[PDB]
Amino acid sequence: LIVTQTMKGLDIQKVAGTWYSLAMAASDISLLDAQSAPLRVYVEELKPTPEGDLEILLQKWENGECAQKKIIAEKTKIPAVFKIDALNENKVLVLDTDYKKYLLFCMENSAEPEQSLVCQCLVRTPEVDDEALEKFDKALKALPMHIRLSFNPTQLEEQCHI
């Protein structure tokens, strides 16, 4: 069992724009282990829709190359929980954000969270934000993460983080 507390009072309209994947953590090492790992994805943009759905633009290393992927996240009755059908995941969980700097989110397959759970620390600008990383570490204290990756500014501005 993995219990998740998403942000009360999330306003998805205020997350719009460019983001950078500053850190990522996962319940299962193989989710993120190596360049090719299935949940090793680098968010480029969050585009909320007027009806409050969310388009996620990201990059993934696939056919020897750093590919662009587009995920349509459908809203639910909980503003911080969205339904997806991509990367073999079916939920997006928004843990926390201050809108102006950082956003913490997870993906999972609700049928098996332990085999599934990947969370990220996003920042709006390509700089290391110690505050955002401490919020990420705090948010993850109760999650059973077995791999954690933290990137430098050079990795932030790089195709698939090098």
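Don't overthink the numbering: it's just position in the shown sequence, from 1.
With respect to the recorded C-alpha B factors, which stretch has the higher mean value, 57-65 or 121-129? Here the higher of the two C-alpha B-factor means belongs to 57-65.
Between 133-141 and 97-105, name whichever shows the higher mean Cα B factor according to the PDB entry. Mean CA B-factor is higher for 133-141.
Taking the values exactly as deposited, rank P153 by C-alpha B-factor within its chain and report the matching third: lowest, middle or highest. Highest third.
Comparing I29 with the other modelled residues of its chain, is its CA B-factor in the lowest, middle or highest third? Middle third, going by the recorded CA B-factors of the chain.
Hey, what third does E45 fall into on Cα B-factor, ranked over its chain? According to the entry, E45 has a C-alpha B-factor in the chain's lowest third.
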